[PDB]
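Read the structure below first, then the notes.
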Amino acid sequence: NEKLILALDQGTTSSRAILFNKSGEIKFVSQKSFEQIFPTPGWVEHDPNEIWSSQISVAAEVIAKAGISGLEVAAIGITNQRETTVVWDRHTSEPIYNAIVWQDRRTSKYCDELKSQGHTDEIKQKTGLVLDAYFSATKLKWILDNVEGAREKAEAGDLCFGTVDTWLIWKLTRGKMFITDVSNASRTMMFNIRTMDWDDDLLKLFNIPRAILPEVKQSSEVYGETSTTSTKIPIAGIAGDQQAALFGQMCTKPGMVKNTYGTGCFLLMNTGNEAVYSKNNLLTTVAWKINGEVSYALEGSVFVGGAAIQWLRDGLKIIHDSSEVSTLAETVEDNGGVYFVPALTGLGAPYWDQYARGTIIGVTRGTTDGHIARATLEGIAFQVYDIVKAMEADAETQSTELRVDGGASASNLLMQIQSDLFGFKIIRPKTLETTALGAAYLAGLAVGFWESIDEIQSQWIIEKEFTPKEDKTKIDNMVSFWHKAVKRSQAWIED
Amino acid sequence: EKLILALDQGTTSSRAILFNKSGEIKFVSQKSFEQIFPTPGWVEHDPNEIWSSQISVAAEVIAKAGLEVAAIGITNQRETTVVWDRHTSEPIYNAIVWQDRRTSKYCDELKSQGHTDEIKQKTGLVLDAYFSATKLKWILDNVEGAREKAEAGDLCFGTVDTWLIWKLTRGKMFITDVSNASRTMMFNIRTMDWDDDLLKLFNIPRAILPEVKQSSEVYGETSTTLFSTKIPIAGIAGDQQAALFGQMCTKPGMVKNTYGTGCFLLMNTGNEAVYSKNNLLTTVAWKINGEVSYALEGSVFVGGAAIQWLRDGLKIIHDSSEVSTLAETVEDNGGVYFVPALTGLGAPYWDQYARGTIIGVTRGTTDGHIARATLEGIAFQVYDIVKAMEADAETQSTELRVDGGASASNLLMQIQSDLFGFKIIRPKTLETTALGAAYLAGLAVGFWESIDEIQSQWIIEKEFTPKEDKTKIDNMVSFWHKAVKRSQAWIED
Amino acid sequence: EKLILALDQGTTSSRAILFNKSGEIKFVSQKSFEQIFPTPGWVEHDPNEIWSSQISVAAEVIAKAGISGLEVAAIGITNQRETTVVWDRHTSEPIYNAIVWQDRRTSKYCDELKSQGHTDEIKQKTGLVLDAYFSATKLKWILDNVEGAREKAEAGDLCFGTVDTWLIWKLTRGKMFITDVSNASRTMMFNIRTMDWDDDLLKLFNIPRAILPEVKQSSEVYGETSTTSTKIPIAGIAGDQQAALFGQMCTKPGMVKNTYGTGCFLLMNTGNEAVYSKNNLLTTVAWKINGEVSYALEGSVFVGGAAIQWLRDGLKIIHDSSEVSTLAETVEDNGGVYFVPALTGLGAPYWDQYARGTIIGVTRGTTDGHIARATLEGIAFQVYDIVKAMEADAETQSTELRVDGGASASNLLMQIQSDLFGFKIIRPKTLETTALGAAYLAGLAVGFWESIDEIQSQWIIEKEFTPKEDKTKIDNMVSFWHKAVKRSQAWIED
Amino acid sequence: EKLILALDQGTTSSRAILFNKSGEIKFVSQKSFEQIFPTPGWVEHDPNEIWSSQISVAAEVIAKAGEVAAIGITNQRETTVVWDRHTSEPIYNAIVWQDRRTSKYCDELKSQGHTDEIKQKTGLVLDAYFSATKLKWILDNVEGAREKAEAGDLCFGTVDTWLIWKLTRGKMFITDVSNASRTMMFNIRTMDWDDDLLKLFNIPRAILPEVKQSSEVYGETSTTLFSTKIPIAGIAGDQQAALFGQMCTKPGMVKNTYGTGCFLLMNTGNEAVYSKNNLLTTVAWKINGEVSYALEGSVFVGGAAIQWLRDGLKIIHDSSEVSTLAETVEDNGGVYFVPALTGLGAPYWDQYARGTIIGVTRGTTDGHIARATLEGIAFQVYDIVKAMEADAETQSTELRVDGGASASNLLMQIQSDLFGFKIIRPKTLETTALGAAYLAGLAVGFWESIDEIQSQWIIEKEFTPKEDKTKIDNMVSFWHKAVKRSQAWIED
Ligand SMILES: Nc1ncnc2c1ncn2[C@@H]1O[C@H](COP(=O)(O)OP(=O)(O)O)[C@@H](O)[C@H]1O
Ligand SMILES: Nc1ncnc2c1ncn2[C@@H]1O[C@H](COP(=O)(O)OP(=O)(O)O)[C@@H](O)[C@H]1O
Ligand SMILES: [Mg+2]
Ligand SMILES: [Mg+2]
Ligand SMILES: [Mg+2]
Ligand SMILES: [Mg+2]
């Protein structure tokens with residue numbers, strides 16, 4: 001009979017569960033959104049209990065939807081929004097605070113303190129990361145320093161830290177497995193990517209007790225079975241979502257690159273077994289560990305990509321569904337002079353301005369909602385443009401193509417705009433959910449669903465190519481006004 | 001704190017509710033699923049989406065609460081018919097919903113051949129497309145190979161309770177309760193067993209039918225899932241019978257009306273099956289501690305679903321709750337009547353060919369009047385089955401207990417009270433369908449020690465008393481009945 | 001450039017259109033006014049807002065044209081028919097709202113007159129049927145129900161008028177109190193055989209003769225405007241549907257047009273002969289020009305484009321009238337839904353004063369798309385029934401139909417109509433043939449144009465719709481339409 | 001009873017209002033007309049639609065009234081119309097006051113040292129706001145225009161002159177002192193067209209109208225189909241008309257109008273006062289042979305930003321919904337909206353600033369956007385009041401307000417909170433039209449004195465401030481931060 005691989009993809013915006021077959025084809029998908037909590041502008045939080053309820057309910061749903069039961073599932077693969085920090089009671093499994101999301105800006109001033117104290121080069125060398133509110137360590141420190149009774153419980157060994165993967169695996173195993181993988185660990189700013197170990201010097205700097213940390217495991221390995229209560233399904237793959245997308249795009253050789261258009265926008269290049277330090281404001285990170293071999297990546301991180309479309313839908317309410325942004329944008333011929341820097345949670349690479357905020361500029365009396373949707377799409381593509389120009393310099397290579405994926409990559413208009421900005425081709429494959437696909441791959445190799453990586457190479461199938469159709473001079477004048485708008489967005493928040 | 005899980009698989013959404021021992025709702029999850037209309041008059045559900053929607057809200061509500069579930073009670077949209085391969089659990093056709101009208105002409109054939117009274121005497125039911133038997137026969141007649149498979153015992157028939165329990169136990173339990181079984185038109189409510197005369201009439205092989213059980217007893221436990229532990233399954237009842245039990249209507253003469261997808265008025269008649277003389281149904285309420293209780297029922301096909309049509313179809317409201325605000329933009333119905341026969345007419349009309357009819361429209365008619373007429377149309381339909389039941393019982397009621405999602409509309413309840421000429425009692429918990437399933441399961445595992453323990457949990461939240469002149473009410477009822485006749489005998493095929 | 005000014009006082013909006021010598025619309029202004037419903041079934045207009053809306057669009061279109069009133073060669077007047085205005089001869093103040101042709105309040109009295117044997121009499125004298133549609137019972141209602149009206153009327157202190165007469169009264173500050181033969185024929189007080197007010201009918205409705213305007217030809221220089229002001233010659237008057245017949249060049253016996261406006265109105269030119277209908281149509285006066293009277297056969301549908309305005313204003317499922325076509329195209333067919341738009345009862349061939357708007361066939365899958373599509377079909381089905389009645393009367397099978405009016409702009413409605421008939425629909429370049437015809441009447445009177453022959457070449461086909469064959473579907477739709485119509489009938493009782 | 005007809009030709013719509021002797025509105029009609037944007041930054045009106053919309057509303061109110069003792073004319077200022085003298089056909093669209101196309105040429109004149117001369121002669125600053133560069137653009141860019149202008153075959157007019165031209169079928173070619181002062185071709189010290197400025201802008205004197213008093217029987221309208229000949233007896237630029245309508249006829253008296261833009265005017269008596277804080281010196285009116293002057297702060301986009309929410313962004317469907325939508329949130333949520341949709345007027349005078357929304361986060365709603373629009377209106381008025389207080393060396397304790405957008409109670413409370421003093425809103429918000437009526441009525445003796453009409457000014461509501469001055473100072477600080485982020489945006 002038929003066997004399937006289950007990928008759980010716990011995203012910033014929704015949790016997904018997808019069933020793949022041996023051909024890498026999606027057979028069934030369930031998806032469920034969960035609340036984006038903003039206690040004050042600049043802060044972003046998730047209910048850790050709704051992360052779990054949304055993720056496990058769509059897991060039950062997709063199996064049921066498939067007409068099958070857990071008996072037909074070969075293995076579970078876990079991938080997740082990265083950096084986001086959960087802290088719970090080791091004995092009751094209750095979160096002691098909400099999850100603080102990677103987008104949250106509240107630790108910006110402390111990160112600036114750490115820069116002024118001289119820690120930038122030490123942090124970069126050990127972790128590949130920059131001193132930004134983006135990563136987990138300062139969020140963990142915030143919870144231990146601010147939640148009533150948290151510091152004393154952590155020093156007694158009664159607390160657990162996790163990125164979302166660890167939280168989900170904890171809940172899936174009734175607390176019997178407290179683990180993370182190297183790729184998720186590398187995003188915490190507590191994990192030395194050169195020694196591939198939690199860094200006691202960094203733990204000392206952040207005043208974090210080592211006992212609160214999970215065990216770091218490789219990205220593809222039978223770690224154990226589920227036991228929420230219950231069905232015994234092997235959990236065999238873990239990876240941060242953007243690394244899993246890289247794995248899902250077959251970018252397993254040095255120099256291969258993809259960009260994901262999801263809640264944010266993330267460009268990752270595989271750098272083999274060498275940690276490459278950026279000269280152009282990008283991150284050094286761990287790609288995965290498989291068969292005992294570590295692979296590294298360079299990364300450009302854009303905080304708000306598709307989330308700017310979600311803002312048009314839920315905040316501004318000028319569209320009813322995400323898919324209408326392209327239709328609305330096409331009611332106008334161009335951006336009409338409007339530029340939208342979507343720094344709704346600050347600016348990531350290459351700017352790293354924790355204090356920039358969302359900025360729409362150039363509005364006149366004839367500006368319409370169509371111009372706003374079109375400038376939203378351009379602002380997404382402008383941000384990816386900037387991290388690609390950073391990565392090309394780090395690589396000292398001019399690109400001729402770019403593989404793309406993620407939910408916002410479904411917009412043909414967005415991909416054409418992006419192609420036009422780049423002056424080279426955009427390549428969109430048949431399966432846009434490469435994040436979940438990569439996790440399925442990682443788990444499937446570990447249990448033997450697939451015999452080797454060569455077996456799954458022929459599954460990467462191009463669906464549509466976009467080629468540039470615009471004058472390089474006019475593109476450079478749009479780019480010029482984009483960079484001018486970005487500066488207008490910066491150094492806005494003072495507190 | 002131990003809890004009891006109620007699964008309420010409705011016509012338009014699946015729910016999972018956790019109750020504590022005080023009868024309070026502690027956690028609730030709900031998820032809609034697709035209403036499939038292959039041609040006007042047909043109504044289908046995907047059985048795998050009935051299942052996926054029901055199991056995902058069960059997983060979600062358990063997860064929300066953070067092993068501590070004492071038992072599960074199962075309750076469901078009745079009559080809706082599911083047929084599946086016994087070895088694969090693959091449905092061989094969509095579920096054919098109770099509202100579906102495709103078997104109307106075959107029912108009329110059986111009427112003309114003289115099977116109407118035999119069916120009434122055996123099953124308590126009116127020969128109508130409403131019930132399961134003709135839907136199962138359609139599937140066996142029209143699905144390639146299904147007939148030979150059913151004859152060999154390789155297929156299963158179930159109402160939705162049976163389908164849910166099949167999937168919950170990975171095909172280890174193939175059961176229904178007496179209340180659901182009584183809605184199939186294959187179950188004799190006097191012998192309390194499947195009827196061989198009716199099975200031969202509809203050409204249904206007995207091998208395809210589940211075992212009929214009590215409404216409250218530990219049947220077994222759920223099969224191993226990802227989201228929970230093995231949980232006892234300990235209650236089953238058709239949703240409207242569960243609502244009657246949830247309303248504490250355990251004594252002869254007690255009545256409730258549910259305002260849900262449709263509208264359903266049931267009176268408990270004790271150990272006595274009471275045959276209607278006024279176009280109502282005689283049905284099984286439940287079986288508990290070995291004792292069978294019966295009911296008289298008035299069945300309205302489209303009640304809250306007409307509000308859903310204003311939202312999804314006409315799109316003059318964005319959410320169900322907005323129907324009352326919109327109706328309150330006008331002072332009265334403006335001359336407009338809406339017979340919501342969107343799936344034909346149920347009791348007391350039993351017109352399979354009636355269709356939705358809006359009449360009396362003028363140039364000043366607004367969307368406010370349409371909303372008002374929608375609510376009045378729900379209330380007028382309930383009016384007609386109450387008058388029928390008052391005739392059967394030879395009583396003039398002085399009050400009526402109500403529940404259900406659409407009973408949240410204070411305006412709809414005021415309209416209803418004005419039409420009735422007596423009081424309407426709305427309790428604190430409107431989800432009496434799920435509550436009743438919880439009660440049946442909880443009594444069975446001892447979560448509650450006796451029905452005397454749960455009495456105190458019925459709490460009155462608001463009473464509505466009539467306001468309008470009787471002669472004005474009489475005029476409106478007269479035009480309503482005039483509109484009903486304009487709706488009738490519309491479809492010919 | 002010399003221009004001709006047409007004033008088209010419609011049921012829904014007042015319009016002013018300036019035409020050149022080529023018959024081309026050069027400028028147009030339009031303004032809606034309030035539709036007043038004191039109780040369901042009643043329909044009233046504020047006569048002062050008819051005036052203020054009409055005089056303000058006249059001013060606006062002249063200013064819009066970069067010209068002044070001096071450049072205007074003449075004014076032609078056309079109007080919603082039957083609608084009844086009564087005002088004080090001395091103060092020009094109306095004594096009551098205008099009672100609109102759609103109004104049903106006089107239905108029971110019409111039935112009274114029927115049961116007293118007056119049906120054959122009314123038809124012989126006027127060509128009309130006993131129905132709340134026509135002016136006489138509305139005027140009688142006002143004299144009988146307005147405090148002091150009956151005394152003022154017998155004293156000669158009141159004026160009656162259809163809307164042409166009201167506008168001309170205001171335009172001349174009471175110096176001209178006139179109507180034309182076509183408007184007059186709609187009052188049920190004007191004998192179309194003698195071509196004069198009928199004293200027997202006046203006795204029956206208890207209407208004093210002194211309250212009636214003088215009936216004039218449809219094309220002749222009556223006098224000048226004089227609101228205070230500038231003298232422009234008023235030189236043409238016609239009821240709007242007869243103006244549309246004249247605007248469609250339907251000046252020879254047997255020529256036909258249907259207008260898709262607030263209602264739907266099918267008129268055939270019958271020349272010098274008043275043909276009496278055997279299929280529930282009206283016999284009416286088309287016009288009188290150069291001393292020559294032309295008659296027509298008419299089929300009258302009360303609610304056509306008004307059903308679209310009801311989707312916009314009442315149901316609010318469209319924002320603009322033109323969106324009805326787009327919404328209707330979101331579905332492939334009516335989905336089983338039928339909409340009998342009897343919002344003001346049923347006109348020809350049913351003449352049911354008590355029928356009311358009816359939507360039937362709704363199921364759980366029915367959408368606003370189907371409602372839009374059923375609305376367009378209901379317009380087309382009602383035109384289908386009067387065309388079939390006119391073919392029987394004429395003993396002729398049509399092979400084409402010239403169409404016009406605001407709702408004829410809908411390509412989907414015209415295709416549906418062509419599909420139902422199985423023959424082509426011809427839409428001309430100017431949809432405002434009501435206004436065009438009124439302009440023709442005034443232009444011929446002042447010599448702006450020399451003759452009918454001269455204007456013939458101005459009628460230019462914009463688009464032809466040819467029928468798409470779907471015989472089984474169409475027969476089934478028409479059958480359920482007739483079934484639906486019966487479900488709408490005999491609804492109101494009081 | 002006789003009535004006065006005020007014709008208020010606004011930037012957004014044309015209105016006609018009939019007032020009785022008590023100053024109450026007896027009839028009012030309003031009709032919008034098209035805002036044409038050939039390219040972002042440009043703003044044009046169809047002069048034929050200005051005319052038709054104004055006639056339509058006039059004919060409608062005259063129809064309802066049916067006794068018009070006189071007509072007062074008031075209008076959007078600066079907006080420039082050029083037409084053929086013999087055919088009355090305009091040779092180009094009207095170039096509206098908001099239009100920015102002449103910005104680079106104004107900067108060219110600044111570089112060539114003409115700022116002080118322009119300010120001393122006209123009270124104005126070199127900005128695309130004013131008529132002169134718009135007239136020059138039309139004469140330069142429309143084929144054959146310059147030949148016709150030198151031969152005296154063309155007419156120039158602000159909107160008052162265009163309306164009177166059409167109302168009299170070309171028999172009267174006039175403007176008043178207040179409208180003329182806004183052209184940058186009229187010397188407000190000599191009170192006459194300035195030959196030196198005309199030479200500078202290459203404008204022939206033969207295309208200008210005759211400048212008249214603001215209250216005087218100039219003549220009568222021509223006979224129309226809808227009315228007899230009516231005396232035309234008052235003309236003033238709309239914002240000066242509002243100053244008159246607010247009874248601000250004594251030195252030091254101030255009002256602010258919240259209309260399409262926002263305009264703060266103080267009467268300075270018979271003395272032209274030159275600003276030291278980026279305001280304009282302008283002619284208030286001339287009545288009974290006496291010229292009155294004013295200081296003015298000009299905000300280009302006030303209520304027009306609400307119209308942009310309605311027509312552009314479409315998050316409201318009627319202008320009045322802005323307050324309700326803004327009340328769905330408790331504060332601006334960190335969002336600031338600089339409504340520089342046509343550049344920035346006083347005190348910034350940045351022709352190249354454009355509309356800027358800043359501070360957006362993921363939880364920002366359309367509610368916050370509505371609230372930031374109202375605050376942005378109030379912030380701009382805050383800035384011109386602060387500049388005016390510096391010129392006048394006086395701390396205000398109150399401010400009289402009027403205009404279509406002042407009907408928003410929320411907007412007025414925000415403004416009061418920011419100011420820290422009270423806002424006085426009178427019963428009739430149409431003080432522009434009221435002032436036109438007053439000017440016309442005085443001229444024909446409908447009212448026999450200024451003192452007679454004084455009692456017609458009735459306070460309808462007073463708003464008192466209710467917020468902490470430091471929390472306001474921080475909002476104001478961020479507002480000023482946002483303004484700078486909007487500036488020097490356009491390069492061409
Ligand atoms: N694009 C359109 N499509 C369909 N109907 C339309 C359209 N535009 C206007 N209408 C309809 O036109 C009707 C008015 O047509 P018109 O000829 O002006 O009326 P009247 O017969 O009163 O003179 C209205 O009832 C309106 O619903
Ligand atoms: N209720 C309201 N609340 C807020 N703004 C309003 C309201 N009604 C109209 N407006 C605004 O009023 C402005 C027009 O005011 P008005 O005095 O008529 O204009 P103008 O100053 O151009 O003559 C428009 O920009 C519109 O957005
Ligand atoms: Mg997500
Ligand atoms: Mg339901
Ligand atoms: Mg009309
Ligand atoms: Mg305006």
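Below, chain A is the first sequence line, B the second, and so on; all start at residue 1. Side chains included, hydrogens not; waters and symmetry mates left out as well; all remaining heavy atoms used.
Side chain of A/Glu72 to backbone of A/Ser69: a donor-acceptor contact under 3.5 angstrom is found. In terms of modelled atom types and a separation under 3.5 Å, the side chain of B/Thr103 and the main chain of B/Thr134 share no donor-acceptor contact. Checking side-chain atoms of B/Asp351 against main-chain N and O of B/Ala489 turns up a donor-acceptor pair under 3.5 Å. Although no hydrogens or angles enter the test, the distance criterion places no donor-acceptor pair under 3.5 Å between the side chain of B/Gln240 and the main chain of B/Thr258.
Ion pairing between C/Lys483 and B/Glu492 holds under the 4.0 Å rule for side-chain N and carboxylate O. Under a 4.0 Å N-O distance rule, the pair B/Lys111/B/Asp108 qualifies as a salt bridge. Between A/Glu61 and B/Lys31 a salt bridge is recorded (basic side-chain N to carboxylate O distance below 4.0 Å). Contact check on B/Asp392 versus B/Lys277 returns no salt bridge, with no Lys/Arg side-chain nitrogen under 4.0 Å from an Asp/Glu carboxylate oxygen. The existence of a salt bridge linking B/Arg183 and B/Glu297 is confirmed by a sub-4.0 Å separation between a basic side-chain nitrogen and an acidic carboxylate oxygen. For the pair B/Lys149 and B/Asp85, the salt-bridge criterion is not met [side-chain N within less than 4.0 Å of a carboxylate O]. In this structure, B/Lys105 does not pair ionically with B/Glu109, as no charged nitrogen and carboxylate oxygen lie closer than 4.0 Å. Between B/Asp8 and B/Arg15 there is a salt bridge, since a side-chain N of the basic residue sits under 4.0 Å from a carboxylate O of the acidic one.
Note: B/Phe131 and B/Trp350 have tilted aromatic rings, judged against thresholds of 30 and 60 degrees for the angle between ring planes. Classified by interplanar angle (parallel below 30°, tilted 30° to 60°, perpendicular above 60°), the ring pair B/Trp98/B/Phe301 is perpendicular.
In this structure B/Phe245 satisfies the ring-ring contact (aromatic ring centres under 6.0 Å, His included) test together with B/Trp286, sequence neighbours excluded. For the side chain to side chain donor-acceptor pair (under 3.5 Å) test, no residue two or more places apart in sequence or in another chain qualifies with B/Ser132. For A/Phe28, the ring-ring contact (aromatic ring centres under 6.0 Å, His included) test picks out no residue, with sequence neighbours left out. In this structure B/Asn271 satisfies the side chain to side chain contact (heavy atoms under 4.5 Å, CB included) test with no other residue, sequence neighbours excluded.
Side-chain contact between B/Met185 and B/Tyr130: absent, with no pair of heavy atoms (C-beta onward) separated by less than 4.5 Å. Side-chain contact between A/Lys65 and A/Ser30 is present, with heavy atoms from C-beta onward closer than 4.5 Å.
In this structure, B/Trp84 has its ring center at least 6.0 angstrom away from the ring center of B/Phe157.
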TODO: Go through the steps for B/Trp51 and B/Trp163 under the test ring-ring contact (aromatic ring centres under 6.0 Å, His included), then give the verdict.
DONE: CA-CA 8 Å; B/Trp51 167 235; B/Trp163 171 239; 7.4 Å; no
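Among residue pairs with one or both ends in residues 199-212 of chain B, those qualifying as side chain to side chain donor-acceptor pair (under 3.5 Å) are B/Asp193-B/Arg206, B/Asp196-B/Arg206, B/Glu211-B/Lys213; sequence neighbours excluded. Here salt bridge (charged side-chain N to carboxylate O under 4.0 Å, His left out) pairs that include residues 32-47 of chain B, with residues two or more places apart or in two chains, are B/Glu44-B/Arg102.
With B/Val126 as the fixed residue, the side chain to side chain contact (heavy atoms under 4.5 Å, CB included) test singles out one of B/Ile119, B/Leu281, B/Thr116: B/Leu281.
Side chains of B/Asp239 and B/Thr75: no donor on one and acceptor on the other come within 3.5 Å.
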